[PDB]
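Asks: Take this structure first; my questions come after.
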Amino acid sequence: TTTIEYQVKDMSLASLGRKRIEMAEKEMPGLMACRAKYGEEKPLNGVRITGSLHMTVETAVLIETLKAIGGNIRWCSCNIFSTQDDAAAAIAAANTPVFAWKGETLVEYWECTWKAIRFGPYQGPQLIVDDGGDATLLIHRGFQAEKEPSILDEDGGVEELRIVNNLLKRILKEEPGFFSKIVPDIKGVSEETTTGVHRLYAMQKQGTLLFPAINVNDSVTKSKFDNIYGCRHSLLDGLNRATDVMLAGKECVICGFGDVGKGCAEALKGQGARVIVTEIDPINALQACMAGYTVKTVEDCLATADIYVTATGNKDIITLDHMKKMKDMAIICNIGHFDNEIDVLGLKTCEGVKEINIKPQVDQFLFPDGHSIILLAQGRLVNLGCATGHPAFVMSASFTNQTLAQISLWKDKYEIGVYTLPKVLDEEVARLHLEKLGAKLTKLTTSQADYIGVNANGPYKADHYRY
Ligand SMILES: NC(=O)c1ccc[n+]([C@@H]2O[C@H](COP(=O)([O-])OP(=O)(O)OC[C@H]3O[C@@H](n4cnc5c(N)ncnc54)[C@H](O)[C@@H]3O)[C@@H](O)[C@H]2O)c1
Ligand SMILES: Nc1ncnc2c1ncn2[C@@H]1O[C@H](CO)[C@@H](O)[C@H]1O
């Protein structure tokens, strides 16, 4: 019945990855609580689960939690540089299909996404774990291409869209109507990150969303923990391993002051950096002012700034024109999305600019006047591409949300639309992580609960409370 199938860099790394997974398990009380609560009953028993999410040690604990509660799983990474090859080998060695390695080409990246989606002839996932929406995109675009085949000849100059179109042309030639066949079996997708959730709301607004979606990013125990304190840890780690640069006394520019930018600026400040924030939103800008940061434009900073971190989810933050005017050896990295926050394509196609590799994921771009910039991870996620991403404890919060979302998509009735988990579940995720930290929660008396108008067991806040 069950065939072994995987594609990883180096299976001899499996034992090392398995040791790191065992360490991570002891840092992830929320995921272990999910195994303890659901491991016998197996609410996801036999349910086909496709995952597209950074193949890290932390993700390995999520995969094997979903497996412990019954899932029939296939996995790929959502980023060409974020896979930890030893974690991928350890997952493959424990007989879960995984198609992921550090340093994929874009063609390989999309081929792995397709491998993780296709469970068999005319068979796809019933649940999807997604991070950034690329697996969701492939399914929606393949479905659309059955009705509108001309979109597969339209890339709009974008090389990656050409790659996706070529893949979908081949898929639909091999299995005509594949996506209209498998889409009715998809019970839903749970989406990890701000950018992927933006794609979901856009599809829902246009009425093109094909199945229910849980916005996991906007659990309070995800957005206000992972995005902030995960980055506070892992931006520093990515910069350290890539460059070993001392931050103290350096002028560091954080582009964007949402949840990611807030955690990045706090990390930099704690290491003695002079932190500058850029923002388009006057509210987030005023928050940066109240925290003691200087709020400027990128243009204002070019003559003096030492390091640039893009954290916007937007494009064209750091342009070729900017980089021409930067100080020599300025470090440029992206912790937001994709690879277009920095104009890497412009760097690579500007005839006078010479690219010189320093070490893996660290590249010098030398300009005719003799100054250079240092680009990290080809402009992709620096925390995951140059280091190991967020640490396990905070990913346990994000991934406990993922696990509860998966169970809910399977067990509960959803209409097509985008949903968030109930506040009582959000509160439960937080509860599951308090004991490990030694925190002791206060219990309301009956009189106190009446006075503020809540059930003593929650939820404790109005639905639009912002924390
Ligand atoms: N690397 C990681 O581990 C990690 C973790 C969580 C989220 N993310 C990603 O980080 C990105 C940001 O996430 P978030 O949750 O902070 O989103 P967010 O919406 O809360 O914050 C982004 C901010 O960027 C600002 N911004 C937009 N365009 C700008 C521009 N041109 N110049 C300056 N500022 C601009 C917006 O005003 C906004 O406040 C997303 O792509 C998200 O998916 C990455
Ligand atoms: N070690 C990590 N393992 C898995 N996912 C991570 C890790 N660090 C950050 N991420 C996720 O990557 C997303 C961005 O693609 C963030 O929303 C975050 O949840």
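We label chains A, B, ... in the order they appear in the structure tokens, count residues from 1 in each chain, and number ligands from 1 in the order shown.
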Write out as a tab-separated table the residues of chain A that have any atom within 6 Å of an atom of ligand 2, one row each with the nearest atom pair and its distance in Å to one decimal, counting only C-alpha atoms and all ligand atoms, sorted by chain and then rising number.
Replies:
```
residue	atom	partner	partner_atom_place_in_ligand_line	distance
A:54	CA	ligand 2	4 (C)	5.0
A:56	CA	ligand 2	3 (N)	5.0
A:58	CA	ligand 2	3 (N)	5.0
A:59	CA	ligand 2	4 (C)	5.1
A:131	CA	ligand 2	15 (O)	5.5
A:132	CA	ligand 2	15 (O)	5.8
A:192	CA	ligand 2	17 (O)	5.4
A:193	CA	ligand 2	17 (O)	3.9
A:226	CA	ligand 2	19 (O)	6.0
A:388	CA	ligand 2	1 (N)	5.7
A:389	CA	ligand 2	1 (N)	3.7
A:390	CA	ligand 2	8 (N)	3.8
A:391	CA	ligand 2	1 (N)	5.7
```
Asks: Would you save the residues of that selection, restricted to C-alpha atoms, as a PDB file, in the first residue's frame?
Replies:
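See part_24.pdb below for the written result:
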```
ATOM      1  CA  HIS A  54      10.009  25.981   5.709  1.00  0.00           C
ATOM      2  CA  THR A  56      13.123  23.325   9.557  1.00  0.00           C
ATOM      3  CA  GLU A  58      10.530  23.221  14.180  1.00  0.00           C
ATOM      4  CA  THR A  59       8.468  22.270  11.144  1.00  0.00           C
ATOM      5  CA  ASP A 131       3.093  29.559   4.305  1.00  0.00           C
ATOM      6  CA  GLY A 132       3.052  32.395   1.789  1.00  0.00           C
ATOM      7  CA  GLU A 192       0.895  30.837   8.267  1.00  0.00           C
ATOM      8  CA  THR A 193       2.007  34.320   7.304  1.00  0.00           C
ATOM      9  CA  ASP A 226       6.205  34.677  16.208  1.00  0.00           C
ATOM     10  CA  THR A 388      17.769  28.519  11.416  1.00  0.00           C
ATOM     11  CA  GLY A 389      14.645  30.720  11.591  1.00  0.00           C
ATOM     12  CA  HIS A 390      12.652  31.383  14.749  1.00  0.00           C
ATOM     13  CA  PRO A 391      13.444  29.172  17.758  1.00  0.00           C
TER      14      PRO A 391
END
```
Asks: Taking only C-alpha atoms and all ligand atoms into account, list the residues no farther than 6 Å from ligand 1, as a PyMOL selection string.
Replies: chain A and resi 193-195+227+231+255-261+278-281+284+311-314+317+335-337+381+383
Asks: Would you mind exporting N, CA and C atoms of the selected residues as a compact mmCIF listing (two decimals), in the first residue's frame?
Replies:
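Listed below is the output, selection05.txt:
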```txt
# COMPACT_ATOMS: atom_id res chain seq x y z
N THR A 193 1.27 33.07 7.23
CA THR A 193 2.01 34.32 7.30
C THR A 193 1.25 35.47 6.66
N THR A 194 1.66 36.68 7.05
CA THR A 194 0.94 37.90 6.68
C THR A 194 0.73 38.00 5.17
N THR A 195 1.78 37.73 4.39
CA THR A 195 1.67 37.85 2.95
C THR A 195 0.70 36.82 2.37
N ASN A 227 5.81 36.73 14.93
CA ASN A 227 6.27 37.80 14.04
C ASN A 227 7.19 38.77 14.77
N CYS A 231 11.34 37.10 15.31
CA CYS A 231 12.31 37.93 14.59
C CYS A 231 13.33 38.55 15.54
N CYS A 255 12.95 48.74 7.45
CA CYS A 255 11.89 49.22 6.57
C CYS A 255 10.61 48.49 6.93
N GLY A 256 9.64 49.24 7.46
CA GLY A 256 8.40 48.66 7.94
C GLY A 256 8.42 48.44 9.44
N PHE A 257 7.34 48.84 10.11
CA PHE A 257 7.23 48.74 11.56
C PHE A 257 5.90 48.10 11.94
N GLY A 258 5.54 47.06 11.19
CA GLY A 258 4.50 46.14 11.61
C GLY A 258 5.07 45.22 12.66
N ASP A 259 4.51 44.02 12.77
CA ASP A 259 4.94 43.11 13.82
C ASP A 259 6.38 42.66 13.60
N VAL A 260 6.74 42.33 12.36
CA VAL A 260 8.10 41.91 12.05
C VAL A 260 9.09 43.06 12.32
N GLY A 261 8.80 44.24 11.78
CA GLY A 261 9.71 45.37 11.96
C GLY A 261 9.91 45.72 13.43
N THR A 278 11.66 53.11 8.71
CA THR A 278 10.87 53.73 7.65
C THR A 278 9.46 53.16 7.71
N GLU A 279 8.49 53.98 7.33
CA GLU A 279 7.10 53.56 7.37
C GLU A 279 6.29 54.38 6.38
N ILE A 280 5.24 53.76 5.84
CA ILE A 280 4.23 54.49 5.08
C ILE A 280 2.99 54.75 5.91
N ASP A 281 2.82 54.04 7.02
CA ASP A 281 1.62 54.18 7.84
C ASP A 281 1.93 55.13 8.99
N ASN A 284 1.85 53.34 12.62
CA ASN A 284 3.06 52.56 12.92
C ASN A 284 4.26 53.48 13.08
N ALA A 311 11.24 44.77 5.91
CA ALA A 311 10.25 44.03 6.70
C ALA A 311 8.84 44.47 6.34
N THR A 312 8.57 44.65 5.05
CA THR A 312 7.32 45.30 4.63
C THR A 312 6.27 44.37 4.05
N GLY A 313 6.67 43.29 3.38
CA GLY A 313 5.70 42.57 2.56
C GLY A 313 5.33 43.30 1.29
N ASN A 314 6.01 44.40 0.99
CA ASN A 314 5.80 45.24 -0.18
C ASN A 314 7.01 45.05 -1.10
N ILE A 317 11.47 48.28 -2.07
CA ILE A 317 11.88 49.03 -0.89
C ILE A 317 13.30 49.56 -1.05
N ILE A 335 13.71 40.38 5.47
CA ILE A 335 13.08 39.44 6.38
C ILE A 335 11.57 39.40 6.16
N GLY A 336 11.10 40.01 5.08
CA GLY A 336 9.68 40.13 4.83
C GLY A 336 9.18 39.03 3.92
N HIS A 337 9.28 39.22 2.60
CA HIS A 337 8.65 38.27 1.70
C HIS A 337 9.41 38.19 0.39
N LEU A 381 14.40 35.55 2.70
CA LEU A 381 14.31 35.59 4.16
C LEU A 381 15.65 35.30 4.80
N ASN A 383 16.58 35.35 8.02
CA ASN A 383 16.62 34.59 9.26
C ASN A 383 16.61 33.10 8.97
```
Asks: Just to confirm, what's the straight-line distance from atom CA of residue A:437 to atom CA of residue A:402 in Å (one decimal)?
Replies: 21.5 Å
Asks: For stretch 7-16 of chain A, list every protein, DNA or RNA residue within 12 Å, evaluated using only C-alpha atoms, and leave out those in the same chain fewer than 4 positions away; present the list as a ChimeraX atom specification.
Replies: /A:20-23,55,57,60,74-77,83-104,108-109,111-113,115-116
Asks: With N, CA, C and O atoms kept, could you save the residues just selected as a compact mmCIF listing (two decimals), in the first residue's frame?
Replies:
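Writing the result to out.txt gives the following:
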```txt
# COMPACT_ATOMS: atom_id res chain seq x y z
N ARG A 20 18.36 16.98 16.81
CA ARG A 20 17.88 18.36 16.94
C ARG A 20 16.36 18.39 17.08
O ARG A 20 15.83 19.24 17.80
N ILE A 21 15.66 17.47 16.43
CA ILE A 21 14.21 17.41 16.59
C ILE A 21 13.86 17.03 18.03
O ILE A 21 12.95 17.61 18.63
N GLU A 22 14.58 16.06 18.60
CA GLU A 22 14.33 15.66 19.97
C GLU A 22 14.56 16.82 20.94
O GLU A 22 13.81 16.99 21.91
N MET A 23 15.58 17.64 20.69
CA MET A 23 15.75 18.85 21.50
C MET A 23 14.58 19.80 21.32
O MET A 23 14.07 20.36 22.30
N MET A 55 11.14 23.81 5.72
CA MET A 55 11.45 22.48 6.25
C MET A 55 12.57 22.59 7.28
O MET A 55 13.73 22.21 7.07
N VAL A 57 13.76 22.28 11.66
CA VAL A 57 13.58 21.39 12.81
C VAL A 57 12.21 21.62 13.45
O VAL A 57 11.51 20.68 13.84
N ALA A 60 9.56 20.10 11.44
CA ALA A 60 9.56 18.66 11.63
C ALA A 60 8.67 18.26 12.80
O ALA A 60 7.96 17.25 12.73
N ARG A 74 2.35 14.84 3.00
CA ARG A 74 3.42 15.10 2.05
C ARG A 74 3.86 16.54 2.23
O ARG A 74 3.02 17.43 2.43
N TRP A 75 5.16 16.79 2.19
CA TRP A 75 5.68 18.10 2.58
C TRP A 75 6.67 18.64 1.56
O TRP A 75 7.40 17.88 0.91
N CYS A 76 6.70 19.96 1.44
CA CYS A 76 7.77 20.68 0.75
C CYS A 76 8.04 21.97 1.53
O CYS A 76 7.25 22.38 2.39
N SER A 77 9.16 22.60 1.23
CA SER A 77 9.46 23.89 1.84
C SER A 77 8.82 25.00 1.01
O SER A 77 8.58 24.84 -0.18
N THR A 83 15.23 25.37 4.00
CA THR A 83 15.29 23.98 4.45
C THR A 83 16.56 23.73 5.25
O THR A 83 17.65 24.13 4.86
N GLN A 84 16.40 23.06 6.38
CA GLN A 84 17.53 22.51 7.11
C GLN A 84 17.66 21.07 6.66
O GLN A 84 16.76 20.26 6.89
N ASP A 85 18.75 20.76 5.94
CA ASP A 85 18.83 19.47 5.27
C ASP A 85 18.83 18.32 6.26
O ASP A 85 18.38 17.22 5.93
N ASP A 86 19.34 18.53 7.48
CA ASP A 86 19.33 17.44 8.45
C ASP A 86 17.92 17.18 8.98
O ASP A 86 17.55 16.03 9.20
N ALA A 87 17.11 18.23 9.17
CA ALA A 87 15.71 18.03 9.53
C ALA A 87 14.94 17.34 8.41
O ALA A 87 14.10 16.48 8.68
N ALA A 88 15.19 17.74 7.16
CA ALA A 88 14.51 17.08 6.05
C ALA A 88 14.90 15.61 5.96
O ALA A 88 14.05 14.75 5.72
N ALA A 89 16.19 15.31 6.11
CA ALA A 89 16.62 13.92 6.11
C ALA A 89 15.97 13.12 7.23
O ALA A 89 15.54 11.98 7.03
N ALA A 90 15.89 13.71 8.44
CA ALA A 90 15.28 13.00 9.56
C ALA A 90 13.81 12.71 9.32
O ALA A 90 13.30 11.64 9.68
N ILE A 91 13.09 13.67 8.72
CA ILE A 91 11.69 13.43 8.39
C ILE A 91 11.57 12.32 7.35
O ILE A 91 10.76 11.40 7.48
N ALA A 92 12.40 12.39 6.29
CA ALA A 92 12.37 11.35 5.26
C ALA A 92 12.71 9.99 5.85
O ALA A 92 12.12 8.97 5.47
N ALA A 93 13.68 9.94 6.77
CA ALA A 93 14.06 8.68 7.39
C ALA A 93 12.94 8.12 8.26
O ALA A 93 12.89 6.91 8.47
N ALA A 94 12.04 8.96 8.77
CA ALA A 94 10.91 8.45 9.51
C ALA A 94 9.70 8.18 8.62
O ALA A 94 8.58 8.07 9.12
N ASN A 95 9.91 8.11 7.30
CA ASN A 95 8.92 7.62 6.34
C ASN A 95 7.76 8.60 6.13
O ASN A 95 6.62 8.19 5.91
N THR A 96 8.06 9.90 6.14
CA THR A 96 7.09 10.88 5.64
C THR A 96 7.61 11.47 4.35
O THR A 96 8.78 11.89 4.30
N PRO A 97 6.82 11.49 3.27
CA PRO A 97 7.29 12.11 2.03
C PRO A 97 7.62 13.58 2.22
O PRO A 97 6.80 14.37 2.69
N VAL A 98 8.84 13.94 1.86
CA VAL A 98 9.28 15.33 1.92
C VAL A 98 10.14 15.58 0.68
O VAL A 98 10.91 14.72 0.25
N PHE A 99 9.97 16.76 0.09
CA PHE A 99 10.64 17.12 -1.16
C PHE A 99 11.21 18.51 -0.90
O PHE A 99 10.50 19.50 -1.06
N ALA A 100 12.46 18.58 -0.43
CA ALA A 100 12.97 19.86 0.08
C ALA A 100 14.46 19.78 0.32
O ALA A 100 14.95 18.79 0.87
N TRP A 101 15.18 20.83 -0.07
CA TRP A 101 16.60 20.92 0.23
C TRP A 101 17.01 22.38 0.16
O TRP A 101 16.34 23.19 -0.49
N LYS A 102 18.06 22.73 0.88
CA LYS A 102 18.55 24.10 0.83
C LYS A 102 19.19 24.34 -0.53
O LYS A 102 20.00 23.53 -0.98
N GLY A 103 18.83 25.45 -1.17
CA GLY A 103 19.45 25.79 -2.44
C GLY A 103 18.76 25.24 -3.67
O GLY A 103 19.42 25.02 -4.68
N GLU A 104 17.45 25.02 -3.60
CA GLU A 104 16.67 24.69 -4.79
C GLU A 104 16.73 25.80 -5.83
O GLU A 104 16.77 26.99 -5.50
N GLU A 108 13.06 23.62 -9.56
CA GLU A 108 12.98 22.58 -8.54
C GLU A 108 11.96 22.94 -7.47
O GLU A 108 11.22 22.08 -6.99
N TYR A 109 11.94 24.22 -7.06
CA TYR A 109 11.04 24.66 -6.00
C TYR A 109 9.59 24.36 -6.36
O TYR A 109 8.83 23.77 -5.57
N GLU A 111 8.53 22.30 -8.71
CA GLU A 111 8.35 20.86 -8.88
C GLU A 111 8.14 20.17 -7.52
O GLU A 111 7.32 19.24 -7.41
N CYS A 112 8.84 20.61 -6.48
CA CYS A 112 8.60 20.04 -5.15
C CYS A 112 7.21 20.38 -4.64
O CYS A 112 6.60 19.58 -3.93
N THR A 113 6.73 21.59 -4.94
CA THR A 113 5.38 21.97 -4.53
C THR A 113 4.35 21.03 -5.16
O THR A 113 3.43 20.55 -4.48
N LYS A 115 4.96 17.93 -6.30
CA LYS A 115 5.10 16.61 -5.69
C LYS A 115 4.35 16.51 -4.37
O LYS A 115 3.75 15.47 -4.06
N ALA A 116 4.37 17.58 -3.57
CA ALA A 116 3.72 17.54 -2.26
C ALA A 116 2.20 17.60 -2.39
O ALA A 116 1.49 17.10 -1.52
```
Asks: Give the answer as one residue: which of A:123, A:221, A:234, A:447 has the shortest atom-to-atom distance to residue A:423, using only C-alpha atoms?
Replies: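 Selected residue with least distance to residue A:423: A:221.
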Asks: Check stretch 201-393 of chain A with DSSP on the backbone and list each residue it calls strand (DSSP E or B), as a VMD selection string.
Replies: chain A and resid 213 to 215 251 to 255 274 to 278 294 to 295 307 to 310 318 330 to 334 342 354 to 359 362 to 366 372 to 376 381
Asks: For residue A:401, which residue among A:319, A:215, A:378, A:364 is the nearest when counting only C-alpha atoms?
Replies: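 That would be A:215, the residue with the smallest distance to residue A:401.
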Asks: Have a look at A:290, A:282, A:331, A:208 and name the one nearest to residue A:239; count only C-alpha atoms.
Replies: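 Once distances to residue A:239 are computed over only C-alpha atoms, the minimum belongs to A:331.
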Asks: Within 12 Å of residue A:267, counting only C-alpha atoms, which residues qualify if same-chain residues fewer than 5 places away don't, as a VMD selection string?
Replies: chain A and resid 228 to 239 247 to 248 252 254 260 to 262 272 to 275 309
Asks: Select, from A:417, A:117, A:291, A:263, the residue with the minimum atom-to-atom distance to residue A:210, counting only C-alpha atoms.
Replies: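 The closest residue to residue A:210 is A:417.
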Asks: By how many Å are atom CA of residue A:264 and atom CA of residue A:129 apart?
Replies: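 So the answer is 25.9 Å.
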Asks: What is the distance between atom CA of residue A:466 and atom CA of residue A:333, in Å to one decimal?
Replies: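 Result for atom CA of residue A:466 versus atom CA of residue A:333: 29.6 Å, one decimal.
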Asks: I need the residue nearest residue A:32 from this list: A:408, A:310, A:403, A:372. Use only C-alpha atoms for the distance.
Replies: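 Answer, going by the shortest atom-to-atom distance: A:403.
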Asks: Would you mind telling me which residue in A:441, A:277, A:139, A:81 lies nearest to residue A:296 when using only C-alpha atoms?
Replies: A:277
Asks: Can you pull out the residues contacting residue A:415? Cut-off 9 Å, using only C-alpha atoms, and skip same-chain residues under 2 positions away; I want them as a list in words.
Replies: residues 211, 212, 413, 417 and 418 of chain A
